[PDB]
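Everything below concerns the one structure shown next.
Numbering (PDB author numbering), first residue to last: 18 to 140.
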């Protein structure tokens with residue numbers, strides 16, 4: 018269950034890597050790494066007492082992202098909402114918040130990857 022951060026960053030399936038902190042309602046902010054594949058976003062949380070290692074804190078399907086939000090006052094603090102979508106709307110089942118340096122680049126990349134899940138044009 019413990020993983021090597023560098024090994025995971027270097028995996029061929031990983032399209033994007035964003036160092037960040039995961040923000041909790043408790044003022045806790047955990048050094049972390051977002052890894053985005055063609056189908057999922059992973060959050061690796063650093064183990065401060067074990068150099069180079071992390072736990073897989075979260076794994077979410079990109080097709081299950083239902084909202085990505087931020088405030089103008091704090092552009093780097095991104096909220097991801099995950100859950101179910103249908104004709105009637107969205108059902109939120111999980112919420113994760115991250116403080117991402119250069120969050121603009123991250124959110125652009127993640128949105129691009131989400132669109133590629135939907136898109137099987139010019140097959």
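Even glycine gets a Cβ: it sits at the ideal position worked out from N, Cα and C.
Item	Value
Length at least 4, wholly inside the segment 18-64: the alpha helix (DSSP H) runs in chain order	22-26
Three-pair Cβ contact test at 8 angstroms for the segment 52-71 versus the segment 101-112	no
The segment 21-34 / the segment 104-120 touching (three or more Cβ pairs under 8 angstroms)	no
Rounded C-alpha distance that separates residue 138 from residue 35	28 angstroms
Residue of 75, 53, 49 and 61 minimising C-alpha distance to residue 111	75
Local Cβ density within 10 Å of residue 129, reported as buried at 16 or more and exposed below that	exposed
Beta-bridge partners of residue 100, as assigned by DSSP	109
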